[PDB]
Amino acid sequence: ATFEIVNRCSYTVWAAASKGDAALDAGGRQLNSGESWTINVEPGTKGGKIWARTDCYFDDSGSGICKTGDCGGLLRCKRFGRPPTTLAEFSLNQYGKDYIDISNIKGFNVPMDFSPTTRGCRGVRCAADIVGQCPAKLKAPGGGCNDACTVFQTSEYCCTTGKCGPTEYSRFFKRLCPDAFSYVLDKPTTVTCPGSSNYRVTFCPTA
Ligand SMILES: [K+]
């Protein structure tokens with residue numbers, strides 16, 4: 001699959017793409033306002049994620065730190081990023097179908113649209129001012145709005161036993177972004193696309 005990742009924010013983001021134990025394509029890159037990065041993701045990739053990182057510093061060897069979404073201090077991410085991170089998630093070519101979603105399960109940092117550029121399905125978006133409205137206990141100094149599992153580490157918020165319900169904190173995310181996952185056992189907002197679709201991930205889509 002081809003993913004075009006576009007930064008429509010007025011600020012620089014450092015995009016990242018990983019499946020948890022390996023980079024996808026180059027794994028990360030700086031995107032100034034308006035810049036686009038096209039990556040190729042191998043067919044059959046399960047559990048891929050794309051996210052933005054904010055307020056990064058990197059030296060000439062690609063080592064440093066970001067205030068949101070840092071993946072162990074690397075420009076080119078091999079692992080997933082530290083919350084809070086709005087997540088574009090996908091599994092490709094699973095029995096002839098692609099599955100995509102946006103997730104707020106690891107919090108929110110940057111607004112995002114995740115849309116197919118090929119026919120046969122619809123896109124999803126979370127573009128509300130979650131950071132501005134974020135409850136005080138979830139607000140991350142670095143920027144962003146953490147999920148309640150990250151902050152409080154309870155079995156209920158983290159759904160440790162595979163049994164959990166919605167919470168005041170999950171309902172906050174869901175009210176502002178109904179098409180994104182707000183907790184582990186949320187009614188799925190997963191979209192099913194034809195296998196081998198192509199996609200566009202746009203940061204700050206209403207900017
Ligand atoms: K936006």
# chains A, B, ... in the order shown; residues from 1 in each chain; ligands from 1
call {"tool": "select_by_dssp", "arguments": {"residues": "range 2-159 of chain A", "states": "strand (DSSP E or B)", "output": "PyMOL selection string"}}
result
chain A and resi 2-7+13-18+23-31+36-40+48-58+63-68+74+87-94+97-103+108+112-116+124-126+139+145
call {"tool": "closest_atom_pairs", "arguments": {"of": "range 4-73 of chain A", "to": "range 184-201 of chain A", "cutoff": "9 Å", "atoms": "only C-alpha atoms", "output": "JSON lines"}}
result
{"residue": "A:4", "atom": "CA", "partner": "A:200", "partner_atom": "CA", "distance": 4.7}
{"residue": "A:5", "atom": "CA", "partner": "A:201", "partner_atom": "CA", "distance": 4.8}
{"residue": "A:6", "atom": "CA", "partner": "A:201", "partner_atom": "CA", "distance": 6.2}
{"residue": "A:7", "atom": "CA", "partner": "A:201", "partner_atom": "CA", "distance": 8.5}
{"residue": "A:43", "atom": "CA", "partner": "A:196", "partner_atom": "CA", "distance": 7.1}
{"residue": "A:50", "atom": "CA", "partner": "A:201", "partner_atom": "CA", "distance": 8.2}
call {"tool": "closest_atom_pairs", "arguments": {"of": "chain A", "to": "ligand 1", "cutoff": "9 Å", "atoms": "only C-alpha atoms and all ligand atoms", "output": "JSON lines"}}
result
{"residue": "A:8", "atom": "CA", "partner": "ligand 1", "partner_atom_place_in_ligand_line": "1 (K)", "distance": 8.1}
{"residue": "A:9", "atom": "CA", "partner": "ligand 1", "partner_atom_place_in_ligand_line": "1 (K)", "distance": 7.5}
{"residue": "A:110", "atom": "CA", "partner": "ligand 1", "partner_atom_place_in_ligand_line": "1 (K)", "distance": 8.0}
{"residue": "A:111", "atom": "CA", "partner": "ligand 1", "partner_atom_place_in_ligand_line": "1 (K)", "distance": 5.2}
{"residue": "A:112", "atom": "CA", "partner": "ligand 1", "partner_atom_place_in_ligand_line": "1 (K)", "distance": 6.7}
{"residue": "A:113", "atom": "CA", "partner": "ligand 1", "partner_atom_place_in_ligand_line": "1 (K)", "distance": 8.3}
{"residue": "A:126", "atom": "CA", "partner": "ligand 1", "partner_atom_place_in_ligand_line": "1 (K)", "distance": 8.0}
{"residue": "A:127", "atom": "CA", "partner": "ligand 1", "partner_atom_place_in_ligand_line": "1 (K)", "distance": 4.6}
{"residue": "A:128", "atom": "CA", "partner": "ligand 1", "partner_atom_place_in_ligand_line": "1 (K)", "distance": 6.9}
{"residue": "A:129", "atom": "CA", "partner": "ligand 1", "partner_atom_place_in_ligand_line": "1 (K)", "distance": 8.1}
{"residue": "A:202", "atom": "CA", "partner": "ligand 1", "partner_atom_place_in_ligand_line": "1 (K)", "distance": 9.0}
{"residue": "A:203", "atom": "CA", "partner": "ligand 1", "partner_atom_place_in_ligand_line": "1 (K)", "distance": 7.0}
{"residue": "A:204", "atom": "CA", "partner": "ligand 1", "partner_atom_place_in_ligand_line": "1 (K)", "distance": 3.5}
{"residue": "A:205", "atom": "CA", "partner": "ligand 1", "partner_atom_place_in_ligand_line": "1 (K)", "distance": 4.4}
{"residue": "A:206", "atom": "CA", "partner": "ligand 1", "partner_atom_place_in_ligand_line": "1 (K)", "distance": 4.0}
{"residue": "A:207", "atom": "CA", "partner": "ligand 1", "partner_atom_place_in_ligand_line": "1 (K)", "distance": 5.2}
call {"tool": "select_by_dssp", "arguments": {"residues": "range 127-200 of chain A", "states": "helix (DSSP H, G or I)", "output": "list in words"}}
result
residues 130, 131, 132, 133, 136, 137, 138, 148, 149, 150, 151, 152, 155, 156, 157, 158, 168, 169, 170, 171, 172, 173, 174, 175 and 176 of chain A
call {"tool": "atom_distance", "arguments": {"atom1": "CA of residue 48 in chain A", "atom2": "CA of residue 91 in chain A"}}
result
6.3 Å
call {"tool": "residues_around", "arguments": {"residues": "range 26-40 of chain A", "least_positions_apart": "2", "cutoff": "6 Å", "atoms": "only C-alpha atoms", "output": "ChimeraX atom specification"}}
result
/A:1-17,23-24,75-77
call {"tool": "write_last_selection", "arguments": {"atoms": "N, CA and C atoms", "output": "mmCIF file, in the first residue's frame"}}
result
data_model
loop_
_atom_site.group_PDB
_atom_site.id
_atom_site.type_symbol
_atom_site.label_atom_id
_atom_site.label_comp_id
_atom_site.auth_asym_id
_atom_site.auth_seq_id
_atom_site.Cartn_x
_atom_site.Cartn_y
_atom_site.Cartn_z
ATOM 1 N N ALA A 1 0.860 -1.198 0.000
ATOM 2 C CA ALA A 1 0.000 0.000 0.000
ATOM 3 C C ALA A 1 0.891 1.240 0.000
ATOM 4 N N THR A 2 0.419 2.316 -0.638
ATOM 5 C CA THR A 2 1.047 3.622 -0.558
ATOM 6 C C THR A 2 0.269 4.459 0.446
ATOM 7 N N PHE A 3 0.992 5.117 1.351
ATOM 8 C CA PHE A 3 0.437 6.111 2.261
ATOM 9 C C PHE A 3 1.081 7.461 1.941
ATOM 10 N N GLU A 4 0.255 8.474 1.701
ATOM 11 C CA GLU A 4 0.759 9.833 1.605
ATOM 12 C C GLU A 4 0.454 10.535 2.929
ATOM 13 N N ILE A 5 1.508 10.989 3.604
ATOM 14 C CA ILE A 5 1.367 11.629 4.896
ATOM 15 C C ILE A 5 1.638 13.123 4.729
ATOM 16 N N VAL A 6 0.642 13.934 5.088
ATOM 17 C CA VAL A 6 0.670 15.355 4.782
ATOM 18 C C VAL A 6 0.471 16.144 6.067
ATOM 19 N N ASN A 7 1.340 17.139 6.261
ATOM 20 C CA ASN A 7 1.244 18.012 7.416
ATOM 21 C C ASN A 7 0.577 19.329 7.015
ATOM 22 N N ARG A 8 -0.714 19.490 7.335
ATOM 23 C CA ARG A 8 -1.428 20.730 7.068
ATOM 24 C C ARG A 8 -1.409 21.637 8.297
ATOM 25 N N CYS A 9 -0.746 21.200 9.381
ATOM 26 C CA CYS A 9 -0.615 22.063 10.555
ATOM 27 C C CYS A 9 0.268 23.266 10.227
ATOM 28 N N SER A 10 0.096 24.355 11.005
ATOM 29 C CA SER A 10 0.929 25.541 10.868
ATOM 30 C C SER A 10 2.302 25.327 11.514
ATOM 31 N N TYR A 11 2.485 24.228 12.241
ATOM 32 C CA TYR A 11 3.708 23.919 12.964
ATOM 33 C C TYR A 11 4.317 22.639 12.387
ATOM 34 N N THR A 12 5.625 22.487 12.583
ATOM 35 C CA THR A 12 6.361 21.308 12.157
ATOM 36 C C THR A 12 5.954 20.118 13.014
ATOM 37 N N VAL A 13 5.804 18.968 12.360
ATOM 38 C CA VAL A 13 5.654 17.694 13.055
ATOM 39 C C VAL A 13 6.712 16.733 12.532
ATOM 40 N N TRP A 14 7.009 15.742 13.369
ATOM 41 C CA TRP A 14 7.907 14.679 12.978
ATOM 42 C C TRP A 14 7.075 13.420 12.879
ATOM 43 N N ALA A 15 6.736 13.034 11.642
ATOM 44 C CA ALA A 15 5.880 11.883 11.400
ATOM 45 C C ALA A 15 6.662 10.620 11.737
ATOM 46 N N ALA A 16 5.936 9.583 12.157
ATOM 47 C CA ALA A 16 6.530 8.291 12.484
ATOM 48 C C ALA A 16 5.631 7.193 11.913
ATOM 49 N N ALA A 17 6.253 6.089 11.519
ATOM 50 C CA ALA A 17 5.541 4.933 10.983
ATOM 51 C C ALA A 17 6.273 3.676 11.438
ATOM 52 N N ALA A 23 10.555 -0.428 11.749
ATOM 53 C CA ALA A 23 10.105 0.753 11.040
ATOM 54 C C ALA A 23 9.275 0.303 9.835
ATOM 55 N N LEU A 24 8.335 1.141 9.422
ATOM 56 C CA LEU A 24 7.744 1.090 8.097
ATOM 57 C C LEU A 24 8.422 2.143 7.226
ATOM 58 N N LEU A 75 14.946 9.494 15.439
ATOM 59 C CA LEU A 75 14.203 10.127 14.361
ATOM 60 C C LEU A 75 13.426 9.043 13.603
ATOM 61 N N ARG A 76 14.107 7.938 13.272
ATOM 62 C CA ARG A 76 13.551 6.852 12.479
ATOM 63 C C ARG A 76 13.019 5.790 13.432
ATOM 64 N N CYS A 77 11.718 5.796 13.687
ATOM 65 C CA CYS A 77 11.119 4.954 14.709
ATOM 66 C C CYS A 77 11.081 3.478 14.314
#
call {"tool": "atom_distance", "arguments": {"atom1": "CA of residue 85 in chain A", "atom2": "CA of residue 64 in chain A"}}
result
17.9 Å
call {"tool": "closest_residue", "arguments": {"among": "A:20, A:152, A:114, A:143", "to": "residue 53 in chain A", "atoms": "only C-alpha atoms"}}
result
A:143
call {"tool": "residues_around", "arguments": {"residues": "residue 109 in chain A", "least_positions_apart": "4", "cutoff": "6 Å", "atoms": "only C-alpha atoms", "output": "list in words"}}
result
residues 84, 85, 86 and 144 of chain A
call {"tool": "write_last_selection", "arguments": {"atoms": "N, CA, C and O atoms", "output": "JSON list (two decimals), in the first residue's frame"}}
result
[["chain", "number", "residue", "atom", "x", "y", "z"],
["A", 84, "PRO", "N", 1.18, 11.27, 24.98],
["A", 84, "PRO", "CA", -0.03, 11.11, 24.19],
["A", 84, "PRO", "C", 0.17, 11.20, 22.67],
["A", 84, "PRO", "O", 0.93, 12.04, 22.17],
["A", 85, "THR", "N", -0.53, 10.33, 21.96],
["A", 85, "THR", "CA", -0.41, 10.21, 20.51],
["A", 85, "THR", "C", -1.73, 9.81, 19.88],
["A", 85, "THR", "O", -2.22, 8.69, 20.09],
["A", 86, "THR", "N", -2.24, 10.68, 19.01],
["A", 86, "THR", "CA", -3.35, 10.33, 18.16],
["A", 86, "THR", "C", -2.81, 9.28, 17.18],
["A", 86, "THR", "O", -1.76, 9.51, 16.61],
["A", 144, "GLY", "N", -0.58, 17.96, 24.71],
["A", 144, "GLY", "CA", -1.42, 16.82, 24.43],
["A", 144, "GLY", "C", -2.32, 16.51, 25.62],
["A", 144, "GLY", "O", -2.28, 17.14, 26.67]]
call {"tool": "atom_distance", "arguments": {"atom1": "CA of residue 65 in chain A", "atom2": "CA of residue 136 in chain A"}}
result
24.5 Å
call {"tool": "closest_residue", "arguments": {"among": "A:63, A:117, A:161, A:45", "to": "residue 89 in chain A", "atoms": "only C-alpha atoms"}}
result
A:45
